[PDB]
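Report on one structure; see the data block that follows.
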Amino acid sequence: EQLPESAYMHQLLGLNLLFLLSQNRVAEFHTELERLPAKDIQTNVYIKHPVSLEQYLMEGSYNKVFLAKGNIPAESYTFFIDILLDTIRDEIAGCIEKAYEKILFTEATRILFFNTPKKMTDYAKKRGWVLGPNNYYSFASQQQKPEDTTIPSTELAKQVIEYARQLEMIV
Amino acid sequence: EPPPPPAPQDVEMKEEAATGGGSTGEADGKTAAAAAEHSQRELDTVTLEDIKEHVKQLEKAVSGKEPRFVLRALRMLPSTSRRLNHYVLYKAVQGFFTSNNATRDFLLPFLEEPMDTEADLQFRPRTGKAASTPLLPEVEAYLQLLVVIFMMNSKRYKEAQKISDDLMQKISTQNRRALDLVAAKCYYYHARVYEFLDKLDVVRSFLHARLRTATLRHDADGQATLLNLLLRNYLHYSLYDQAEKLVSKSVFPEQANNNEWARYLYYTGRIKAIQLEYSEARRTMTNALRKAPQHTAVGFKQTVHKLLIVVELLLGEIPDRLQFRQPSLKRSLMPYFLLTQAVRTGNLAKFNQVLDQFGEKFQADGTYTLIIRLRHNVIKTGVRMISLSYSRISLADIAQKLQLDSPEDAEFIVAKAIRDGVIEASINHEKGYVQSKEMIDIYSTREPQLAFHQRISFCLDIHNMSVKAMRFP
Amino acid sequence: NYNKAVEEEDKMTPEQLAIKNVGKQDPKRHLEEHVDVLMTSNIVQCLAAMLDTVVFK
Amino acid sequence: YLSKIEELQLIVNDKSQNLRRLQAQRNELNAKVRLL
Amino acid sequence: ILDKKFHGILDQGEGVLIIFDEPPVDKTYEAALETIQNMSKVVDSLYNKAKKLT
Amino acid sequence: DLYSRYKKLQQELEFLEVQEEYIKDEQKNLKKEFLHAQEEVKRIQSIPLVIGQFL
Amino acid sequence: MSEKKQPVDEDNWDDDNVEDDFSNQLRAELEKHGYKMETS
Amino acid sequence: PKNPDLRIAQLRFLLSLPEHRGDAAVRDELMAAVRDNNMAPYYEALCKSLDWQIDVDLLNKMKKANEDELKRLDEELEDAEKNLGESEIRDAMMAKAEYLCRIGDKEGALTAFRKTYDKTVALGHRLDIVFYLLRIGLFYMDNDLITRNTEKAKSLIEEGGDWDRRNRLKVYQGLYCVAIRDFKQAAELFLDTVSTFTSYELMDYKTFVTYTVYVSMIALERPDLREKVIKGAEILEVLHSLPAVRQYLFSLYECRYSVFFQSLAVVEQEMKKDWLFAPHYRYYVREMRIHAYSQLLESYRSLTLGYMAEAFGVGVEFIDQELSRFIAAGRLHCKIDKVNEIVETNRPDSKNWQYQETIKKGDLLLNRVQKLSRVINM
């Protein structure tokens with residue numbers, strides 16, 4: 001540990017944290033909060049603003065992302081919260097349609113910015129769904145009321161087969 | 001001064017009479033991988049020596065067993081049993097004769113004496129005891145100044161016993177397992193010698209190399225004693241060594257001592273606590289909790305429970321700790337009954353007062369990953385309590401009753417709840433309704449008959465455990 | 001009926017189990033006709049529940 | 001020390017033989033039941 | 001229907017106010033009553049268990 | 001002196017695996033003879049009975 | 001065999017269950033439900 | 001020899017709930033402390049309530065009466081050490097020595113408990129001792145001695161059968177039960193109200209009737225409820241004395257909505273004024289509530305809370321949090337709704353909820369013996 005001190009000594013851990021959080025590795029997230037635990041709380045606001053930003057991803061995401069981009073004076077974190085914007089947009093693409101009933105065009109205009117790219121059009125067609133005017137239904141899902149008719153009745157008797165083998169292996 | 005000459009003459013002779021004279025029968029009972037009836041008995045009396053009146057607890061004359069039993073440490077034709085009887089009659093150097101103390105000064109040539117006396121006739125647990133029991137019951141002097149390397153030298157003569165163990169007797173010693181048991185405890189004395197001041201930089205690569213010499217060829221009890229070292233020292237001194245396991249994870253063939261297997265499952269569950277895998281962890285930490293019922297009255301089961309149930313609080317649900325409250329635990333406030341009291345509430349001021357006020361005890365917690373999502377667990381506990389209570393509720397009720405300042409923040413909370421599958425709600429994204437609802441068919445049509453394969457697989461595996469139990473006598 | 005009515009008297013005797021090895025005298029087994037009668041019964045009638053999938057497709 | 005250790009790990013299979021003596025005891029069980 | 005009973009549960013939208021039930025379900029009852037006492041027999045064998053070893 | 005050792009104990013081990021496989025089917029076939037004995041017990045009371053009373 | 005890391009580191013005890021409903025809640029219970037007669 | 005200073009133990013309970021006053025302490029404090037040589041009922045209240053200006057002409061004349069009682073003890077046991085009979089010393093001095101325990105502290109232990117316990121084989125004197133550990137577990141409000149008298153009385157429960165006093169053992173074991181939240185065995189052992197007619201440890205037998213009906217109104221399902229508290233023959237008169245008790249039972253069995261709470265206000269007034277019951281004033285009240293809502297909510301299925309609040313009094317938001325706590329507390333399964341407002345009920349545990357406790361015990365207790373099963377090898 002007996003080394004001289006560089007100016008980037010903690011915000012390198014901050015950049016590592018930010019890419020490590022963007023890459024969707026949570027075991028890497030906890031070994032990031034465990035490799036040098038005690039010093040991450042007070043110093044380096046480029047740790048606390050990302051770990052409280054993880055808290056913001058935990059309890060209230062899609063509310064503080066751009067407002068957190070508004071506070072990085074050291075422009076090396078916007079490159080990786082572009083990756084976090086990608087994991088925002090895929091979770092929009094998994095979490096505003098095909099889980100709800102219907103949303104109108106202005107909610108997609110607020111959350112999906114630039115108000116008509118081929119990007120929110122890409123997302124609306126990326127659901128596998130055709131839009132109408134001024135609306136986004138989230139219909140045509142969870143078909144047939146599936147049941148798996150009698151196949152567990154068969155295959156669990158095929159499990160009773162090795163249950164009889166367990167009656168066999170003992171005397 | 002007349003009462004402390006009878007007692008060690010009694011208990012120490014009943015120790016080594018049984019120990020040596022039965023280990024002779026245990027190693028001339030040509031095959032014994034299980035028997036070891038004085039090995040574990042002497043371990044039951046050495047853990048009792050750590051309670052009791054040591055090799056000599058400087059017992060008010062001279063501490064004379066140390067210039068006694070390692071001189072002429074030579075087990076010849078059975079007149080050396082009479083040499084040990086001379087070491088019975090010579091126990092009154094303290095009371096009859098001139099009193100010579102040779103602890104900490106002449107113990108180093110005494111550490112040279114099992115080699116300075118003639119050839120070991122294949123009874124190493126007497127010499128393993130002579131390499132452990134001199135100075136490791138002197139760890140309880142707690143001074144650890146210039147005797148750190150002395151206790152380490154006693155373990156160097158233990159390493160001489162490893163030389164004579166797995167570099168000598170090349171036909172099936174089978175006290176190799178008894179010396180695994182002894183060497184494990186003295187590896188925890190390596191812990192108690194280095195880890196008071198350093199780390200075990202010998203026994204880092206020698207932890208891996210002692211795993212190497214006890215991997216497959218003569219591996220019995222050594223694997224998870226060394227793995228408890230591997231999974232215990234590699235918690236404070238850092239992690240990803242648990243991820244160094246993850247391509248060579250190997251456990252015992254048969255489960256070992258119940259306390260051992262219990263605390264091993266406790267270590268791996270506490271590692272899965274920081275891994276935030278909550279499914280295997282709850283059952284293995286429950287197994288570890290109920291599987292170690294024997295502890296000192298100062299506690300240590302409330303220690304294991306304290307550092308156990310924190311992620312069980314982090315589950316989103318946990319029973320009340322009204323079955324674990326101890327009065328010394330009440331004074332030491334180790335798992336904070338107030339914390340799980342605030343878990344049952346949807347309170348924020350008192351919960352963060354526990355946090356800010358009790359960061360001094362969060363020092364002893366050291367598991368600050370609890371809070372940054374345990375506040376999330378508080379708000380999830382609130383929405384779980386409310387949504388479990390109500391059939392249909394709207395955002396106008398809960399989104400401002402729990403002061404989320406907006407409908408859409410509670411919409412995101414319910415979105416993560418449906419992402420967790422907790423509630424079966426729906427949001428009317430037109431007027432500002434949570435048009436929530438509940439699913440149907442809670443009857444026993446399809447679900448319990450499929451859970452009965454877990455139930456009856458449990459049952460038949462306990463049948464087969466009963467069968468394997470039947471297989472031993 | 002034939003199982004449970006015999007099972008309560010099958011479980012009576014651990015009231016009277018004790019120590020002082022020969023100082024107690026009533027060793028009788030109790031597992032009889034509740035292993036095997038239940039084995040044959042439930043396995044043949046779950047194969048009877050399999051008859052519909054065996055005959056029908 | 002090739003077979004100098006193979007034979008030792010097959011000396012460990014004497015503890016496999018106690019299971020066999022147990023099985024021989026199992027077959028000796030119910031032998032007097034059938035002879036009764 | 002409150003105080004007394006004929007298994008007359010209320011439905012506001014059937015007409016028949018359907019009274020249907022299955023009284024013999026003693027298959028699970030008597031087995032549950034067995035397991036209640038069998039756990040006690042296991043507890044009362046646990047003394048022999050924990051005492052005869054050590 | 002080593003080569004004599006696994007020339008005894010390996011043969012011991014494979015002889016013991018031989019009889020360890022055999023005794024399982026032994027104890028199996030004993031239960032079939034036991035079921036024949038059960039039917040021999042059960043057929044002692046079918047068509048008659050001659051009521052007395054225990055004295 | 002008991003230690004290995006750890007030496008370094010009827011009453012109201014059953015009433016605690018509904019007392020968890022008595023401490024955070026309902027301490028002025030019939031001081032409001034008893035006043036439901038005349039508050040409205 | 002029991003009931004006066006037991007009533008002063010009820011005066012200790014009078015010291016319990018009104019705390020802000022120091023006048024209702026001192027008035028019948030002096031009234032109970034000038035009567036019948038009672039050093040301890042003002043000695044512990046000297047340790048708890050207001051102290052003494054003096055005691056010289058006030059209460060040292062009663063320590064002088066204690067001196068007179070003590071010097072006639074020194075007369076009596078020295079006159080009984082000459083006599084060689086039915087342990088004349090310990091008998092004719094256990095009288096005055098249980099009276100000494102009435103005078104002073106727990107030295108009644110050494111001069112009563114073993115002083116008659118080391119001689120007799122009859123349960124009368126030992127049971128007087130059990131009753132005195134009961135009265136001193138009413139003095140100190142013990143958890144210890146009201147279990148230690150059970151520990152002493154079960155030494156002669158093992159051979160018995162007696163008409164009133166063993167039923168009184170049942171009574172005070174039930175009072176030990178429902179001194180904490182232990183509720184059904186109290187009522188079940190009180191239920192034989194006939195043979196408990198009058199003994200000199202009773203208070204008002206009518207108040208014994210009130211206590212057994214307060215404990216037997218719950219832990220008694222509706223057929224047993226109607227058969228005991230309605231079809232009870234001799235109970236009807238001793239609840240025809242107090243109107244509000246019979247009114248309470250017929251308002252509960254009437255199953256209205258507001259006379260629930262009128263009745264419940266009466267038993268709210270009643271439940272407090274009750275020693276080793278008043279610290280348990282809460283779960284009894286919501287226990288009455290949970291019995292009431294349970295018998296009222298299984299029958300309907302198209303239920304609105306407007307139909308509740310139209311006749312409970314006010315419940316428009318008043319029973320809202322009440323029923324919500326009652327549901328989410330673990331019990332009383334129905335569904336509370338948004339303004340759709342349909343309360344939806346559940347199953348009688350005939351099929352579904354029954355299917356759990358089997359594996360709930362075959363996990364836990366059978367897993368303890370899984371641990372003991374894994375005690376084979378090492």
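Residues are named by chain letter and number: chains run A, B, ... in the order of the structure tokens, numbers start at 1 in each chain, and ligands are numbered from 1 in the order shown.
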Counting only C-alpha atoms, which residues from chain G have an atom at most 10 Å from any atom of chain B, and could you show them as number ranges by chain?
G: 1-9, 12-17, 20-21, 23-25
File dump, residues just selected, C-alpha atoms, as a PDB file, in the first residue's frame:
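Okay, again_17.pdb is ready:
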```
ATOM      1  CA  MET G   1     -15.093 -28.006  18.717  1.00  0.00           C
ATOM      2  CA  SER G   2     -17.314 -25.135  19.690  1.00  0.00           C
ATOM      3  CA  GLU G   3     -15.628 -21.924  18.696  1.00  0.00           C
ATOM      4  CA  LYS G   4     -13.386 -21.584  15.561  1.00  0.00           C
ATOM      5  CA  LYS G   5     -14.025 -17.863  14.887  1.00  0.00           C
ATOM      6  CA  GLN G   6     -16.535 -16.699  17.513  1.00  0.00           C
ATOM      7  CA  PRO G   7     -14.516 -16.244  20.793  1.00  0.00           C
ATOM      8  CA  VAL G   8     -12.870 -13.262  19.086  1.00  0.00           C
ATOM      9  CA  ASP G   9     -16.199 -11.823  17.930  1.00  0.00           C
ATOM     10  CA  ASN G  12     -44.339 -10.661  27.769  1.00  0.00           C
ATOM     11  CA  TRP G  13     -41.829 -12.540  25.571  1.00  0.00           C
ATOM     12  CA  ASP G  14     -44.776 -14.297  23.907  1.00  0.00           C
ATOM     13  CA  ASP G  15     -47.003 -11.210  24.195  1.00  0.00           C
ATOM     14  CA  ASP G  16     -44.464  -9.454  21.890  1.00  0.00           C
ATOM     15  CA  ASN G  17     -46.409 -10.726  18.834  1.00  0.00           C
ATOM     16  CA  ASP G  20     -45.954  -5.292  17.910  1.00  0.00           C
ATOM     17  CA  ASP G  21     -49.508  -4.151  17.196  1.00  0.00           C
ATOM     18  CA  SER G  23     -46.520  -0.317  20.401  1.00  0.00           C
ATOM     19  CA  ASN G  24     -46.551   1.182  16.922  1.00  0.00           C
ATOM     20  CA  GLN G  25     -50.369   1.302  16.845  1.00  0.00           C
TER      21      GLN G  25
END
```
Dump as an MDAnalysis selection string the residues of chain A that approach chain C to within 12 Å, counting only C-alpha atoms.
chainID A and resid 149:161 163:164 167
Those of range 302-343 of chain B in DSSP helix (DSSP H, G or I), formatted as a list in words
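Filtering range 302-343 of chain B to helix (DSSP H, G or I) leaves residues 302, 303, 304, 305, 306, 310, 311, 312, 313, 327, 328, 329, 330, 331, 332, 337, 338, 339, 340, 341, 342 and 343 of chain B.
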Extract, using only C-alpha atoms, all DNA, RNA and protein residues at most 10 Å from residue 278 in chain B, discarding same-chain residues fewer than 3 positions from it, and format them as an MDAnalysis selection string.
chainID B and resid 269 272:275 281:283 311:312 314:315
Select from chain G every residue with an atom at most 7 Å from any atom of chain H, then for each give the shortest pair of atoms and their distance in Å to one decimal, using only C-alpha atoms, rows by chain and rising number, as a Markdown table.
```
| residue | atom | partner | partner_atom | distance |
| --- | --- | --- | --- | --- |
| G:10 | CA | H:180 | CA | 6.3 |
| G:15 | CA | H:181 | CA | 6.9 |
| G:34 | CA | H:265 | CA | 6.7 |
| G:36 | CA | H:314 | CA | 6.2 |
| G:37 | CA | H:313 | CA | 6.5 |
| G:40 | CA | H:314 | CA | 6.5 |
```
In Å, how far is it from CA of residue 443 in chain B to CA of residue 357 in chain H?
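Between these atoms lies a distance of 16.5 Å.
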Compile the residues of chain C that lie within 9 Å of chain E, evaluated using only C-alpha atoms, and express the compilation as a PyMOL selection string.
chain C and resi 1+4+7-8+11-12+14-15+17-19
Produce a file of the selected residues containing N, CA and C atoms, as a PDB file, in the first residue's frame.
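Once everything was written out, this is result20.pdb:
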```pdb
ATOM      1  N   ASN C   1     -59.303 -46.088   6.227  1.00  0.00           N
ATOM      2  CA  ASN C   1     -59.781 -46.661   7.482  1.00  0.00           C
ATOM      3  C   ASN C   1     -58.817 -47.725   7.987  1.00  0.00           C
ATOM      4  N   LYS C   4     -55.369 -45.965   9.098  1.00  0.00           N
ATOM      5  CA  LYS C   4     -55.278 -45.018  10.206  1.00  0.00           C
ATOM      6  C   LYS C   4     -55.735 -45.628  11.526  1.00  0.00           C
ATOM      7  N   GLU C   7     -52.975 -47.370  12.701  1.00  0.00           N
ATOM      8  CA  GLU C   7     -51.816 -46.516  12.922  1.00  0.00           C
ATOM      9  C   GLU C   7     -51.811 -45.865  14.294  1.00  0.00           C
ATOM     10  N   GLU C   8     -52.983 -45.569  14.873  1.00  0.00           N
ATOM     11  CA  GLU C   8     -52.896 -44.942  16.198  1.00  0.00           C
ATOM     12  C   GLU C   8     -52.413 -45.947  17.250  1.00  0.00           C
ATOM     13  N   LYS C  11     -48.703 -46.203  16.933  1.00  0.00           N
ATOM     14  CA  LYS C  11     -47.925 -45.133  17.542  1.00  0.00           C
ATOM     15  C   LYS C  11     -48.126 -45.017  19.047  1.00  0.00           C
ATOM     16  N   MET C  12     -48.985 -45.849  19.651  1.00  0.00           N
ATOM     17  CA  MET C  12     -49.109 -45.837  21.111  1.00  0.00           C
ATOM     18  C   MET C  12     -47.802 -46.201  21.814  1.00  0.00           C
ATOM     19  N   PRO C  14     -44.423 -45.886  21.596  1.00  0.00           N
ATOM     20  CA  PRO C  14     -43.378 -44.960  22.078  1.00  0.00           C
ATOM     21  C   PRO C  14     -43.714 -44.188  23.354  1.00  0.00           C
ATOM     22  N   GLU C  15     -44.966 -44.205  23.826  1.00  0.00           N
ATOM     23  CA  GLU C  15     -45.245 -43.805  25.199  1.00  0.00           C
ATOM     24  C   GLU C  15     -44.509 -44.693  26.182  1.00  0.00           C
ATOM     25  N   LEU C  17     -41.924 -46.924  25.451  1.00  0.00           N
ATOM     26  CA  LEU C  17     -40.494 -47.101  25.243  1.00  0.00           C
ATOM     27  C   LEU C  17     -39.693 -46.357  26.306  1.00  0.00           C
ATOM     28  N   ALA C  18     -38.591 -46.970  26.730  1.00  0.00           N
ATOM     29  CA  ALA C  18     -37.768 -46.435  27.809  1.00  0.00           C
ATOM     30  C   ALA C  18     -36.368 -47.030  27.688  1.00  0.00           C
ATOM     31  N   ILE C  19     -35.586 -46.904  28.761  1.00  0.00           N
ATOM     32  CA  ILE C  19     -34.200 -47.364  28.835  1.00  0.00           C
ATOM     33  C   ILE C  19     -34.234 -48.386  29.972  1.00  0.00           C
TER      34      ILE C  19
END
```
For a test of reading the model, state the distance in Å between CA of residue 64 in chain A and CA of residue 51 in chain A, rounded to one decimal.
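Atom-to-atom, CA of residue 64 in chain A and CA of residue 51 in chain A are spaced 13.0 Å apart.
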Would you pick out the contacts of range 8-23 of chain E at 12 Å or less, using only C-alpha atoms, so that residues sharing its chain but fewer than 6 positions from it are not included, and give the list as a list in words?
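The residues that qualify are residues 1, 2 and 29 of chain E; 297, 298, 299, 300, 301, 302, 303, 342, 344, 345, 346, 347, 348, 350 and 351 of chain H.
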Could you check the closest approach to chain D for each of B:135, B:423, B:415, B:220 and tell me which residue wins, using only C-alpha atoms?
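Distance minimum relative to chain D lands on B:220.
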Show me, as a CSV table (one decimal) with C-alpha atoms, in the first residue's frame, the residues of chain F whose atoms get within 12 Å of chain B, using only C-alpha atoms for the distance check.
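Wrote it out as result.csv, contents follow:
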```csv
chain,number,residue,atom,x,y,z
F,1,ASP,CA,7.6,-56.0,-0.8
F,2,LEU,CA,4.8,-53.9,-2.3
F,5,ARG,CA,0.1,-56.4,-1.3
F,6,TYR,CA,-2.4,-55.5,-4.0
```
